[PDB]
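One structure is given below, encoded as structure tokens.
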Amino acid sequence: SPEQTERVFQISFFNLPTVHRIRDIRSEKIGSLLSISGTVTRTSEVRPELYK
Amino acid sequence: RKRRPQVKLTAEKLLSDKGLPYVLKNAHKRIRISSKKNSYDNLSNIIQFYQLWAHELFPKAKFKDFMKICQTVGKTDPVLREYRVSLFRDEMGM
Amino acid sequence: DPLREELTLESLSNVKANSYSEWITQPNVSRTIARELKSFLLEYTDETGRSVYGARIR
Amino acid sequence: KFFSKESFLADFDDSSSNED
Amino acid sequence: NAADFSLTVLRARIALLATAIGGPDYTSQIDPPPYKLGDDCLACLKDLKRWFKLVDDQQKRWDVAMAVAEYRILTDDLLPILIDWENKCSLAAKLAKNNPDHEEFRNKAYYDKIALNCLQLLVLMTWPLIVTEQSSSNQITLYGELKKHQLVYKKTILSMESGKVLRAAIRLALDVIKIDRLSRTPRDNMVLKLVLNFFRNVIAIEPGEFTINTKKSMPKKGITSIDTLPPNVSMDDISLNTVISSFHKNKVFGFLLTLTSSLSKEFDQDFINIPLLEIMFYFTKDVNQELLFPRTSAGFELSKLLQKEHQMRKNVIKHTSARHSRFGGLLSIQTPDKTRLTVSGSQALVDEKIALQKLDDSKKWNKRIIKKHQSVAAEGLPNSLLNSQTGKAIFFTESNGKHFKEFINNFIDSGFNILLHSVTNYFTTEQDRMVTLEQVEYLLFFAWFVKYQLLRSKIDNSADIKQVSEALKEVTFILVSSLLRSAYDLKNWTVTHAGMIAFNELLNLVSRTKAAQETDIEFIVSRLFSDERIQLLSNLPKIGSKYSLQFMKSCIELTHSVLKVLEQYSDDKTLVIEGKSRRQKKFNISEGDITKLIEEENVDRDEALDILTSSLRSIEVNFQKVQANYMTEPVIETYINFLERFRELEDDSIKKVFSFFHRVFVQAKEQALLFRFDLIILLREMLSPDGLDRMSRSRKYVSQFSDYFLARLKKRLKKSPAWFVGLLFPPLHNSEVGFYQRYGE
């Protein structure tokens with residue numbers, strides 16, 4: 001196994017004290033930890049991002 | 001093709017009516033340093049009159065850049081030097 | 001010749017390269033896979049006793 | 001505070017033995 | 001097509017050699033595959049050494065290094081060989097300690113030779129890459145990629161099962177050490193130098209620099225990144241925390257301690273005196289000593305940092321408009337000369353200062369600011385305190401910081417004195433042949449360990465300051481002063497900065513030893529301030545303003561130390577100093593005077609003639625003269641330029657600057673030096689809510705100095721209106737009116 005890359009660790013923070021609605025989303029709290037309940041209409045293809 | 005020279009701070013510019021004679025005419029009237037005011041308000045009042053004088057004299061440059069070009073012209077121009085010694089000589093003559 | 005001198009199968013298992021494609025790109029190694037695959041196509045028979053790839057070439 | 005070389009050899013061999 | 005054909009045949013031959021060194025033994029079935037040496041493999045090690053000799057050295061090429069690096073000879077061949085030798089030798093040493101003469105190696109000499117050759121390739125391939133001028137274009141083209149491959153080398157060395165190759169290297173060293181001192185050949189001490197050089201390569205590897213071509217104009221996109229990192233290599237792997245962890249786990253620290261403490265009694269010191277100092281410097285080039293003493297606590301400092309950020313964010317959003325961007329507000333301001341100036345804003349509607357800051361910021365013409373372009377990086381030198389930002393902090397962990405503190409404490413308490421004495425023995429004969437690298441690392445090693453012992457003695461009374469007592473010998477005085485003087489006369493500015501740091505810490509050590517005991521102290525303060533060195537320290541601030549921020553901060557600390565150590569002798573008057581006499585000082589000697597001095601101080605007359613000559617050049621200096629020599633206008637210019645960076649600096653540097661401003665403006669009593677307008681603009685910026693924090697202790701003395709400054713300013717302008725011009729311009733030099741300008745008559 002010669003190919004060895006850095007592992008892309010993903011951090012998940014769950015169990016927030018409050019949940020927000022889509023109607024309650026404001027632009028004053030971007031970059032902040034939010035929880036949103038909703039119904040998915042459609043999903044997209046699992047596509048590759050260019051990460052590094 | 002020589003079309004235009006870009007303007008800089010010159011010896012004729014300081015010796016105009018709007019310049020250092022304006023400073024001698026109105027700086028003692030405008031500048032007020034008081035002990036009741038705090039140092040921020042006193043320093044800003046020092047900066048404010050000179051900033052309005054700079055924006056009337058040479059508006060192309062920023063104010064710190066204006067002080068830098070005044071330092072360069074004061075080191076360079078001899079007419080400004082003899083005017084500066086003439087002010088001191090005129091006040092010690094009286 | 002250094003571009004022509006080959007190597008062996010346990011030296012092929014030893015990668016000594018950053019990626020797979022840079023290893024396959026390397027020349028003498030590329031001729032080693034070339035001769036090994038030629039030996040695989042020429043000398044593959046099943047339990048019956050017939051070369052499958054010879055009949056496939058035919 | 002002198003550090004002995006024989007103490008470093010002894011510590012090397014002992015931490016080879018059990019490593020604590 | 002000769003060049004690419006030669007390149008591909010060279011890469012093919014290195015690939016064949018890398019396959020010919022060894023294999024992972026896939027034939028044997030073990031869950032970790034044990035590394036097996038190839039047949040006739042020591043000859044392959046000699047072929048790699050021969051290739052690195054014949055091509056890389058004389059022919060001025062670096063193609064062999066990348067040809068090795070892309071085929072992973074260090075990653076996959078040398079390190080498994082050395083680690084297998086280390087593990088086998090450790091197991092054999094255990095089994096031989098329990099029962100001697102059982103389970104030996106079959107071919108131990110062969111394994112030792114191939115281990116030594118692998119360590120030779122580790123030293124030869126991880127050598128520090130310096131590219132000076134007049135070098136080959138191949139090295140200039142290949143330098144950045146080879147630095148990245150060396151970064152991969154350092155990560156792989158430190159990360160492969162927590163660095164067992166360090167244990168292999170110290171085992172190769174204790175193969176030499178077990179032999180007696182008389183029986184050791186110079187090749188064995190050269191093997192010791194090889195091990196110490198390997199450790200300096202492991203420590204010394206740092207990320208490279210991003211070099212750009214400035215012939216073409218810079219486009220509108222500009223520089224998007226200056227990252228110079230390989231894919232799998234991060235900044236955490238390269239950093240010193242992993243180095244301290246891998247060194248403490250593999251007992252590298254005890255090895256360095258036991259070679260430093262018995263350097264004179266056990267080892268030939270001339271072989272390993274210089275790599276040991278290089279190792280100490282490569283630890284201590286990027287570590288600040290104040291941060292090593294920390295004085296929920298992480299959360300405590302975090303909560304204080306969020307309070308500071310909250311106060312700065314509140315001061316920022318004071319200027320922010322309450323409404324949105326398209327909510328258009330136009331304001332027409334008038335001067336008492338009747339005019340109309342229009343500004344666009346909502347916050348600027350009410351207060352005049354935000355509107356005038358808008359009118360200053362609306363201009364799109366910027367003056368030229370010339371740059372030195374950082375020519376220190378052109379020389380071959382590592383990144384250190386002379387190159388790093390003043391706000392750069394090394395973030396040691398608890399265990400790594402404690403291990404580093406223990407290692408530095410045992411280094412000073414065991415063998416800092418012996419190592420310093422050996423190095424100042426070696427360099428005082430090699431002073432005219434050393435390039436800038438050894439001068440910089442010697443001065444930084446001396447200054448760092450003197451400062452750390454000073455700080456440890458200040459914090460804790462258990463430590464003794466006399467543990468750096470061999471810093472105070474005359475030989476180190478002569479070496480540091482001569483290095484600083486030769487750096488100044490040749491206009492070399494990196495060694496000048498390092499010597500300025502070393503002289504500042506030398507004066508700090510002298511001040512600490514004088515404050516502890518109140519003697520040889522008058523002798524050494526006469527020794528340092530002799531010759532023309534007072535003029536040297538006087539004209540160092542006059543030339544400071546052109547150079548970088550770190551040079552200027554060292555000018556601050558050196559001038560503060562000079563004035564603090566010279567203000568102690570203001571009343572005691574003991575300022576006898578060896579001075580340089582210019583014209584004739586010849587005196588007809590009297591042998592009766594000579595013989596009565598022989599009776600007086602018990603001396604031979606040849607050295608009494610020496611004393612009689614040296615008494616004639618002795619002079620006395622005035623401390624008021626020292627202050628008045630320091631009060632030149634470019635000194636004020638460089639201190640005002642240093643106070644411009646008041647956001648980045650801590651409280652101590654601006655405390656030193658405002659203490660010198662108190663020295664100028666209160667004590668010396670000439671005030672026209674500080675009556676310039678850049679100081680007024682800077683004081684407005686510092687005293688604004690956007691500048692210094694109100695909770696910080698710096699703003700108290702900044703406000704007090706500004707109050708006293710504007711009091712004297714309003715006194716001077718009330719007594720004389722012509723100084724309204726004098727704030728704008730540099731002060732006047734005509735002798736008929738200059739006395740009235742400077743002092744008011």
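Residues are named by chain letter and number: chains run A, B, ... in the order of the structure tokens, numbers start at 1 in each chain, and ligands are numbered from 1 in the order shown.
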Exercise answer, chain A residues close to chain C, 12 Å and only C-alpha atoms, as a ChimeraX atom specification: /A:1-5
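The list of residues with at least one atom within 8 Å of residue 74 of chain B, based on only C-alpha atoms and without residues fewer than 6 positions apart in the same chain, reads residues 80 and 81 of chain B; 729 and 730 of chain E.
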Residues within 12 Å of segment 47-53 of chain C, only C-alpha atoms, excluding chain neighbours under 6 positions, as a PyMOL selection string: chain C and resi 37-41
With N, CA and C atoms retained, export the selected residues as a PDB file, in the first residue's frame.
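As a result, again_29.pdb now contains:
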```pdb
ATOM      1  N   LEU C  37       3.264  -9.780 -18.625  1.00  0.00           N
ATOM      2  CA  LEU C  37       1.956  -9.956 -19.241  1.00  0.00           C
ATOM      3  C   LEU C  37       2.056 -10.777 -20.518  1.00  0.00           C
ATOM      4  N   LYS C  38       3.173 -10.658 -21.246  1.00  0.00           N
ATOM      5  CA  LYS C  38       3.380 -11.528 -22.401  1.00  0.00           C
ATOM      6  C   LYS C  38       3.502 -12.988 -21.973  1.00  0.00           C
ATOM      7  N   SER C  39       4.202 -13.243 -20.861  1.00  0.00           N
ATOM      8  CA  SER C  39       4.267 -14.598 -20.319  1.00  0.00           C
ATOM      9  C   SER C  39       2.916 -15.067 -19.789  1.00  0.00           C
ATOM     10  N   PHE C  40       2.077 -14.144 -19.309  1.00  0.00           N
ATOM     11  CA  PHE C  40       0.746 -14.532 -18.844  1.00  0.00           C
ATOM     12  C   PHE C  40      -0.162 -14.921 -20.005  1.00  0.00           C
ATOM     13  N   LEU C  41      -0.172 -14.123 -21.078  1.00  0.00           N
ATOM     14  CA  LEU C  41      -0.975 -14.459 -22.255  1.00  0.00           C
ATOM     15  C   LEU C  41      -0.476 -15.711 -22.968  1.00  0.00           C
TER      16      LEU C  41
END
```
For residue 46 of chain B, the nearest of the candidates E:690, E:278, E:678, E:70, counting only C-alpha atoms: E:678
Residue 25 of chain E surroundings by only C-alpha atoms, 10 Å radius, close-in-sequence under 2 positions cut, as a ChimeraX atom specification: /C:10,13-14 /E:22-23,27-30,33-38
